[PDB]
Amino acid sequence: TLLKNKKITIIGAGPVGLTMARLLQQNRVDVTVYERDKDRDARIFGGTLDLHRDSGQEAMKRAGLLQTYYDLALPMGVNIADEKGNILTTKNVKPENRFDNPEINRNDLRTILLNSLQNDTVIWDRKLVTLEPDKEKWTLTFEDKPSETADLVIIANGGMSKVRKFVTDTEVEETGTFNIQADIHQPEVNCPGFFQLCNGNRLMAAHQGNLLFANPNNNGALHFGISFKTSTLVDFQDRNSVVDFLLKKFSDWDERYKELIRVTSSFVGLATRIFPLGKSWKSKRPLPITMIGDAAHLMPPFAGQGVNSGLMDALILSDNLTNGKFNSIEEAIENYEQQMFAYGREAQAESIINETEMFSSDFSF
(Lines of atoms letter the chains of each structure in order from A and count residues from 1; the text may use other names and numbers.)
(Lines give C-alpha, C1' and ligand atoms only; values in the text may rest on other atoms or scores of the structure.)
Protein backbone atom coordinates (compact mmCIF):
# COMPACT_ATOMS: atom_id res chain seq x y z
CA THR A 1 0.00 0.00 0.00
CA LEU A 2 2.72 2.45 1.13
CA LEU A 3 4.53 2.04 -2.21
CA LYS A 4 1.48 1.52 -4.46
CA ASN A 5 2.09 2.74 -8.02
CA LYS A 6 5.39 4.22 -6.81
CA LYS A 7 8.33 3.73 -9.20
CA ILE A 8 11.41 2.93 -7.10
CA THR A 9 14.89 3.29 -8.61
CA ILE A 10 18.07 1.86 -7.07
CA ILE A 11 21.38 3.37 -8.20
CA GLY A 12 24.00 0.61 -8.32
CA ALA A 13 23.90 -3.15 -8.92
CA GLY A 14 26.39 -4.06 -6.23
CA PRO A 15 25.53 -6.75 -3.70
CA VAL A 16 23.69 -4.25 -1.49
CA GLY A 17 21.64 -2.61 -4.23
CA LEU A 18 20.67 -5.92 -5.82
CA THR A 19 19.62 -7.45 -2.49
CA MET A 20 17.55 -4.32 -1.85
CA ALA A 21 15.93 -4.72 -5.27
CA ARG A 22 14.95 -8.32 -4.54
CA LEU A 23 13.51 -7.66 -1.09
CA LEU A 24 11.36 -4.88 -2.56
CA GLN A 25 10.39 -6.67 -5.76
CA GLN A 26 9.09 -9.74 -3.93
CA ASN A 27 6.53 -7.43 -2.24
CA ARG A 28 5.07 -6.40 -5.65
CA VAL A 29 7.08 -3.14 -5.79
CA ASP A 30 8.03 -1.59 -9.14
CA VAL A 31 11.82 -1.36 -8.79
CA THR A 32 14.53 -0.57 -11.35
CA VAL A 33 18.28 -0.88 -10.82
CA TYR A 34 20.66 1.29 -12.84
CA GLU A 35 24.25 0.02 -13.10
CA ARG A 36 27.13 1.61 -14.97
CA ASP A 37 28.73 -1.73 -15.90
CA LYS A 38 28.11 -2.21 -19.60
CA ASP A 39 26.72 -5.76 -19.40
CA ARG A 40 26.17 -8.47 -16.80
CA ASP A 41 29.23 -10.33 -18.08
CA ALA A 42 31.48 -7.64 -16.60
CA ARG A 43 33.95 -9.27 -14.22
CA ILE A 44 33.98 -7.90 -10.67
CA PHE A 45 37.50 -7.41 -9.38
CA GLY A 46 38.18 -8.18 -5.75
CA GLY A 47 38.43 -10.86 -3.11
CA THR A 48 35.59 -13.01 -1.86
CA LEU A 49 32.73 -11.96 0.40
CA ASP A 50 31.52 -13.80 3.51
CA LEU A 51 28.00 -13.29 4.88
CA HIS A 52 27.49 -13.30 8.64
CA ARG A 53 24.66 -15.29 10.20
CA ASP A 54 22.77 -12.41 11.81
CA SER A 55 22.99 -9.97 8.88
CA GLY A 56 24.02 -11.00 5.38
CA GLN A 57 22.65 -14.52 5.71
CA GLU A 58 19.41 -13.18 7.19
CA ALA A 59 19.05 -10.91 4.17
CA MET A 60 19.58 -13.87 1.84
CA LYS A 61 17.07 -15.89 3.86
CA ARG A 62 14.37 -13.24 3.58
CA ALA A 63 15.11 -13.08 -0.16
CA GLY A 64 14.85 -16.88 -0.41
CA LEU A 65 18.50 -17.22 -1.44
CA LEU A 66 20.05 -18.70 1.71
CA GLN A 67 20.34 -22.24 0.36
CA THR A 68 21.64 -20.89 -2.95
CA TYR A 69 24.33 -18.98 -1.07
CA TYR A 70 25.33 -22.13 0.82
CA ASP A 71 25.34 -24.16 -2.40
CA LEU A 72 27.85 -21.81 -4.06
CA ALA A 73 29.84 -20.50 -1.11
CA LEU A 74 32.93 -22.31 0.14
CA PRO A 75 34.03 -22.74 3.78
CA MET A 76 37.69 -21.89 4.26
CA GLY A 77 40.29 -22.08 6.98
CA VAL A 78 42.87 -19.39 7.68
CA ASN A 79 46.64 -19.67 8.05
CA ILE A 80 48.67 -17.06 9.90
CA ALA A 81 52.20 -16.82 8.52
CA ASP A 82 55.35 -14.83 9.26
CA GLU A 83 57.66 -13.11 6.80
CA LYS A 84 60.00 -16.14 6.84
CA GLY A 85 57.23 -18.43 5.53
CA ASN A 86 56.46 -20.20 8.80
CA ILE A 87 52.86 -21.09 9.61
CA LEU A 88 52.32 -19.76 13.13
CA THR A 89 48.76 -21.05 13.55
CA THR A 90 46.17 -22.81 11.41
CA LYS A 91 42.59 -21.85 12.29
CA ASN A 92 40.45 -24.52 10.58
CA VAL A 93 36.66 -24.80 10.38
CA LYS A 94 34.87 -27.26 12.66
CA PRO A 95 31.54 -28.69 11.42
CA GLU A 96 29.63 -26.47 13.86
CA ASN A 97 31.26 -23.44 12.16
CA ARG A 98 31.39 -24.66 8.56
CA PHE A 99 28.45 -22.52 7.37
CA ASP A 100 29.10 -19.59 9.71
CA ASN A 101 31.14 -17.52 7.24
CA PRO A 102 31.62 -19.34 3.92
CA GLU A 103 33.33 -17.28 1.22
CA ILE A 104 31.60 -16.50 -2.08
CA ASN A 105 32.93 -15.02 -5.31
CA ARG A 106 31.55 -11.58 -6.11
CA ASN A 107 30.43 -12.51 -9.63
CA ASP A 108 28.68 -15.62 -8.30
CA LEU A 109 26.85 -13.45 -5.76
CA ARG A 110 25.83 -10.98 -8.45
CA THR A 111 24.49 -13.87 -10.53
CA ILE A 112 22.28 -15.41 -7.84
CA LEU A 113 20.86 -11.97 -7.12
CA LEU A 114 20.30 -11.19 -10.79
CA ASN A 115 18.60 -14.58 -11.17
CA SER A 116 16.24 -13.75 -8.29
CA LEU A 117 15.07 -10.61 -10.11
CA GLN A 118 12.54 -10.38 -12.91
CA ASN A 119 14.00 -10.00 -16.38
CA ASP A 120 15.29 -6.50 -17.17
CA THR A 121 14.97 -5.27 -13.57
CA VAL A 122 18.58 -4.10 -13.92
CA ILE A 123 19.48 -1.66 -16.70
CA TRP A 124 23.14 -2.04 -17.63
CA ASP A 125 25.39 0.65 -19.10
CA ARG A 126 23.62 3.37 -17.10
CA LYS A 127 26.09 5.62 -15.25
CA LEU A 128 24.18 8.12 -13.12
CA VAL A 129 25.66 11.60 -13.55
CA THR A 130 23.15 13.93 -11.87
CA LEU A 131 19.99 13.55 -9.81
CA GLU A 132 17.62 16.51 -9.72
CA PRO A 133 14.23 16.80 -7.99
CA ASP A 134 10.95 17.91 -9.50
CA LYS A 135 7.74 18.97 -7.80
CA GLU A 136 6.67 15.30 -7.89
CA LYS A 137 9.36 13.02 -9.39
CA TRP A 138 13.14 12.70 -9.47
CA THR A 139 14.98 13.32 -12.74
CA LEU A 140 17.88 10.91 -13.28
CA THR A 141 20.59 11.76 -15.82
CA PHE A 142 22.80 9.09 -17.38
CA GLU A 143 25.97 9.68 -19.38
CA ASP A 144 25.13 9.60 -23.09
CA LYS A 145 21.90 7.76 -22.26
CA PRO A 146 18.22 8.72 -21.98
CA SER A 147 16.98 10.19 -18.71
CA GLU A 148 14.61 8.47 -16.28
CA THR A 149 12.22 9.32 -13.44
CA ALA A 150 11.40 7.89 -10.04
CA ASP A 151 9.22 8.48 -7.00
CA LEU A 152 11.85 7.17 -4.53
CA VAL A 153 15.62 7.02 -5.11
CA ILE A 154 17.94 4.72 -3.16
CA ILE A 155 21.65 5.50 -3.46
CA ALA A 156 23.60 2.24 -3.49
CA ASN A 157 26.43 2.94 -5.96
CA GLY A 158 29.27 2.60 -3.48
CA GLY A 159 31.59 4.45 -1.16
CA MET A 160 32.81 6.98 -3.73
CA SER A 161 29.31 8.02 -4.82
CA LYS A 162 29.00 11.59 -6.09
CA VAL A 163 25.18 11.82 -5.86
CA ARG A 164 24.76 12.14 -2.07
CA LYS A 165 24.32 15.89 -1.61
CA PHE A 166 20.53 15.82 -1.18
CA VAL A 167 21.01 13.41 1.75
CA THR A 168 24.25 14.67 3.32
CA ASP A 169 27.15 17.08 2.85
CA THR A 170 29.49 14.52 4.43
CA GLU A 171 32.70 13.89 2.48
CA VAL A 172 34.71 10.70 2.26
CA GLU A 173 38.13 10.89 3.92
CA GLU A 174 41.27 8.77 3.92
CA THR A 175 42.07 6.73 7.02
CA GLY A 176 45.83 6.50 6.42
CA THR A 177 46.39 3.05 4.88
CA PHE A 178 46.78 1.94 1.27
CA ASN A 179 45.96 -1.34 -0.49
CA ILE A 180 47.52 -2.98 -3.55
CA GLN A 181 45.57 -5.99 -4.84
CA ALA A 182 45.85 -8.43 -7.73
CA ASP A 183 44.73 -11.77 -9.16
CA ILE A 184 47.03 -14.62 -10.14
CA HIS A 185 45.47 -17.24 -12.38
CA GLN A 186 46.74 -20.81 -12.22
CA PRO A 187 48.62 -19.99 -8.99
CA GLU A 188 49.62 -23.64 -8.65
CA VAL A 189 51.80 -22.90 -11.69
CA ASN A 190 52.75 -19.23 -11.41
CA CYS A 191 53.40 -18.90 -7.64
CA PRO A 192 53.69 -22.51 -6.43
CA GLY A 193 55.73 -21.87 -3.30
CA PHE A 194 53.26 -19.33 -1.96
CA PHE A 195 50.31 -21.36 -3.26
CA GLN A 196 51.37 -24.41 -1.26
CA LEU A 197 51.98 -22.15 1.73
CA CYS A 198 48.32 -21.11 1.66
CA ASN A 199 47.60 -24.86 1.40
CA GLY A 200 43.95 -24.37 0.51
CA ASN A 201 43.33 -21.81 3.27
CA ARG A 202 43.25 -18.05 3.35
CA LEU A 203 46.55 -16.59 4.52
CA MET A 204 47.50 -13.53 6.55
CA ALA A 205 50.94 -12.21 7.48
CA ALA A 206 52.19 -9.04 9.19
CA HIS A 207 55.75 -7.71 9.41
CA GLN A 208 56.97 -4.12 9.90
CA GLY A 209 53.53 -2.61 9.41
CA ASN A 210 53.13 -4.34 6.04
CA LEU A 211 50.15 -6.73 5.89
CA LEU A 212 49.43 -9.39 3.27
CA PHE A 213 46.08 -11.11 2.71
CA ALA A 214 45.38 -13.85 0.18
CA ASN A 215 42.63 -16.21 -0.93
CA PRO A 216 44.24 -19.06 -2.93
CA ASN A 217 40.95 -20.25 -4.48
CA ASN A 218 38.71 -17.46 -5.76
CA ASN A 219 37.02 -19.42 -8.57
CA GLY A 220 40.32 -20.96 -9.62
CA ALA A 221 42.38 -17.78 -9.20
CA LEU A 222 44.46 -16.53 -6.28
CA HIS A 223 43.52 -13.06 -5.04
CA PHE A 224 45.85 -11.18 -2.72
CA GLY A 225 46.34 -7.74 -1.27
CA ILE A 226 49.23 -5.95 0.40
CA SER A 227 48.48 -3.11 2.80
CA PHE A 228 50.52 -0.54 4.69
CA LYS A 229 50.42 2.88 6.28
CA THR A 230 50.50 5.58 3.62
CA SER A 231 53.41 8.02 3.60
CA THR A 232 54.46 9.22 -5.52
CA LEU A 233 57.05 7.05 -7.30
CA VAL A 234 54.49 4.37 -8.31
CA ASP A 235 52.45 4.18 -11.53
CA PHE A 236 49.94 1.33 -11.46
CA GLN A 237 49.82 1.25 -15.28
CA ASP A 238 53.52 0.30 -15.03
CA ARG A 239 53.74 -3.02 -13.21
CA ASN A 240 57.51 -2.50 -12.98
CA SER A 241 57.25 0.53 -10.68
CA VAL A 242 54.92 -1.47 -8.44
CA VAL A 243 57.19 -4.52 -8.30
CA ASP A 244 60.23 -2.39 -7.49
CA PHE A 245 58.22 -0.69 -4.73
CA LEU A 246 56.79 -3.88 -3.23
CA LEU A 247 60.10 -5.74 -3.35
CA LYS A 248 61.76 -2.97 -1.32
CA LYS A 249 59.05 -3.18 1.36
CA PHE A 250 59.23 -7.00 1.30
CA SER A 251 63.03 -7.23 1.20
CA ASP A 252 62.86 -8.91 4.63
CA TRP A 253 60.29 -11.45 3.42
CA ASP A 254 60.82 -15.01 2.25
CA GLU A 255 61.41 -15.64 -1.45
CA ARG A 256 58.01 -17.33 -1.78
CA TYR A 257 56.45 -13.92 -1.15
CA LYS A 258 58.93 -12.26 -3.50
CA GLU A 259 57.89 -14.80 -6.14
CA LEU A 260 54.24 -13.80 -5.68
CA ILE A 261 55.03 -10.15 -6.40
CA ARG A 262 57.30 -10.84 -9.37
CA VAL A 263 54.74 -13.01 -11.18
CA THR A 264 51.72 -10.71 -10.70
CA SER A 265 50.55 -9.18 -13.98
CA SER A 266 48.27 -6.25 -13.05
CA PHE A 267 48.23 -4.31 -9.78
CA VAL A 268 45.35 -2.24 -8.40
CA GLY A 269 46.02 0.44 -5.79
CA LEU A 270 43.38 1.97 -3.53
CA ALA A 271 43.55 4.29 -0.53
CA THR A 272 41.52 3.14 2.45
CA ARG A 273 38.65 5.53 3.12
CA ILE A 274 35.66 6.10 5.39
CA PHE A 275 32.34 7.85 4.83
CA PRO A 276 31.99 8.98 8.46
CA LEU A 277 28.54 8.80 10.05
CA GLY A 278 29.27 11.43 12.71
CA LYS A 279 26.93 14.26 11.77
CA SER A 280 23.29 13.35 11.15
CA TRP A 281 21.87 13.36 7.63
CA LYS A 282 19.68 16.08 6.16
CA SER A 283 16.30 16.50 7.84
CA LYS A 284 14.30 18.03 4.97
CA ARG A 285 14.81 16.58 1.50
CA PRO A 286 12.86 17.65 -1.60
CA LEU A 287 11.62 14.14 -2.44
CA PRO A 288 12.00 10.67 -0.90
CA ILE A 289 15.61 9.49 -1.01
CA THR A 290 18.08 7.60 1.18
CA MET A 291 21.28 5.57 0.94
CA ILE A 292 22.42 2.03 1.73
CA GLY A 293 25.66 0.08 1.63
CA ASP A 294 29.07 1.67 1.21
CA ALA A 295 27.39 4.84 -0.02
CA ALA A 296 25.97 5.09 3.50
CA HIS A 297 28.98 4.04 5.58
CA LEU A 298 32.17 3.11 3.72
CA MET A 299 34.72 1.93 6.28
CA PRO A 300 38.06 0.09 6.46
CA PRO A 301 37.69 -3.65 5.73
CA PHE A 302 40.56 -5.21 7.70
CA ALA A 303 38.25 -6.48 10.47
CA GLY A 304 35.68 -8.00 8.12
CA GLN A 305 33.15 -5.19 8.34
CA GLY A 306 31.66 -4.22 5.01
CA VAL A 307 28.93 -5.84 2.94
CA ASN A 308 27.04 -7.21 5.94
CA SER A 309 26.19 -3.74 7.24
CA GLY A 310 24.87 -2.93 3.78
CA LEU A 311 22.80 -6.11 3.66
CA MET A 312 21.43 -5.12 7.07
CA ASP A 313 20.45 -1.80 5.45
CA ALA A 314 18.52 -3.49 2.64
CA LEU A 315 16.73 -5.69 5.17
CA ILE A 316 15.55 -2.89 7.47
CA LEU A 317 14.76 -0.34 4.76
CA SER A 318 12.83 -2.85 2.65
CA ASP A 319 10.99 -4.10 5.74
CA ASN A 320 10.03 -0.57 6.79
CA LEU A 321 8.75 0.35 3.32
CA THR A 322 6.64 -2.82 3.07
CA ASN A 323 5.68 -3.94 6.61
CA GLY A 324 2.93 -1.30 6.75
CA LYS A 325 4.08 0.07 10.11
CA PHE A 326 4.76 3.63 8.88
CA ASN A 327 2.42 6.41 7.80
CA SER A 328 4.75 7.76 5.10
CA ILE A 329 7.74 6.78 3.00
CA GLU A 330 9.66 9.50 4.86
CA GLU A 331 8.87 8.01 8.28
CA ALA A 332 9.99 4.60 7.03
CA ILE A 333 13.24 6.16 5.81
CA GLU A 334 13.57 8.04 9.10
CA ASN A 335 13.39 4.82 11.12
CA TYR A 336 15.87 2.99 8.88
CA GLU A 337 18.47 5.74 9.12
CA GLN A 338 18.12 5.94 12.90
CA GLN A 339 18.78 2.21 13.24
CA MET A 340 21.59 2.29 10.68
CA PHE A 341 23.31 5.22 12.37
CA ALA A 342 23.30 3.20 15.60
CA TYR A 343 24.75 -0.15 14.54
CA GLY A 344 26.68 1.52 11.71
CA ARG A 345 28.53 3.90 14.05
CA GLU A 346 29.51 0.81 16.04
CA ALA A 347 30.85 -0.92 12.91
CA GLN A 348 32.87 2.13 11.87
CA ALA A 349 34.42 2.55 15.33
CA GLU A 350 35.39 -1.13 15.37
CA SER A 351 36.85 -0.84 11.87
CA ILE A 352 38.89 2.27 12.72
CA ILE A 353 40.23 0.75 15.94
CA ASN A 354 41.18 -2.44 14.13
CA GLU A 355 42.95 -0.53 11.35
CA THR A 356 45.10 1.27 13.93
CA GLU A 357 45.76 -2.02 15.72
CA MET A 358 46.76 -4.10 12.70
CA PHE A 359 49.15 -1.52 11.22
CA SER A 360 50.76 -0.77 14.58
CA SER A 361 54.38 -1.79 15.05
CA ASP A 362 53.67 -4.44 17.72
CA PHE A 363 50.91 -6.28 15.86
CA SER A 364 51.15 -10.08 15.74
CA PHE A 365 47.64 -11.44 15.03
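One-based numbering along the sequence shown.
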Q. Between residues given as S231 and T232, how many of the deposited sequence are not built: none, 1 to 3, 4 to 9, or 10 or more?
A. 4 to 9
Q: Between 306-314 and 37-45, name whichever shows the higher mean Cα B factor according to the PDB entry.
A: 37-45
Q: Take the C-alpha B-factors listed in the entry for 178-186 and for 118-126, compute each mean, and give the stretch with the larger one.
A: 118-126
Q) For the listed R256, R106, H223, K284, which has the peak Cα B-factor recorded in the PDB entry? A) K284
Q: Check the PDB entry and point out which of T272, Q237, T170, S147 has the largest C-alpha temperature factor.
A: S147
Q) Thinking about Cα B factors across the chain, which third does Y69 belong to? A) middle
Q. What third of its chain, lowest, middle or highest, does the C-alpha temperature factor of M340 fall into?
A. lowest
Q. Among the chain's modelled residues, which third holds the C-alpha B-factor of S266?
A. lowest
Q | Chain third (lowest, middle, highest) by recorded CA B-factor, residue given as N210 | A | middle
Q.
Can you tell me whether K61 has a C-alpha B-factor in the lowest, middle or highest third compared with the other modelled residues of the same chain?
A. middle
